[PDB]
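[1] experimental structure and sequence below.
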Amino acid sequence: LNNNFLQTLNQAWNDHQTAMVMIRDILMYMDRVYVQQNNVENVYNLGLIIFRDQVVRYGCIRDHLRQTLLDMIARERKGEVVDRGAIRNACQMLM
Amino acid sequence: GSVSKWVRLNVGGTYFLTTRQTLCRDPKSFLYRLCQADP
């Protein structure tokens, strides 16, 4: 928590995205056949839904992210510097 | 990619020589992933 919680969270998200893209490189075929064969959510969407539920929707990381984002935006408004890249990265993350 | 426009790929031991654009025509394929470097 003292090493920019946002920085590590963003790094972990980026690593998940990279690993999931590589995984997508691996199992394209089931993404293309099993998904509509069994009429279920597509597996890439599955691998973001699971990450969202386990990291974002999960309460503790959620509320720490919320409070600390409030801290960064208030401190930026006051006139002190914050890692705008990390905040931006959280923004999209949440999109 | 990771190499000059032309590439050679060893399909079953047979070297096929072709430009990547013939391969990169459909971005979804085994061949497309082969063109670009990755760990």
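    It's in. Numbers count the residues shown, from 1 in each chain, chains lettered A, B, ... in the order given.

[2] buried set for stretch A:29-42?
    The neighbour-count check on stretch A:29-42 (16 or more other CB atoms under 10 Å in any protein chain shown) flags A:31, A:35 as buried. The C-beta positions use only the backbone N, C-alpha and C, and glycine is treated the same way.

[3] and that stretch, how far out from the chain middle?
    The chain centre lies 24 Å from the centre of stretch A:29-42; the measure is CA atoms, centre = their mean, to the nearest Å.

[4] quick one, phi psi at residue B:14?
    Backbone geometry at residue B:14, expressed as degrees, to the nearest 10, gives phi -90, psi 120.

[5] element containing the closest residue to chain A within chain B?
    Using CB to the nearest CB, the closest approach of chain B to chain A is made by residue B:33 at 5.1 Å. Assigned by DSSP states H and E, residue B:33 falls within helix B:30-35.

[6] with residue B:18 instead?
    Using DSSP H and E, residue B:18 falls in strand B:14-19.

[7] same deal with residue A:44?
    Counting by DSSP H and E, residue A:44 is found in helix A:43-51.
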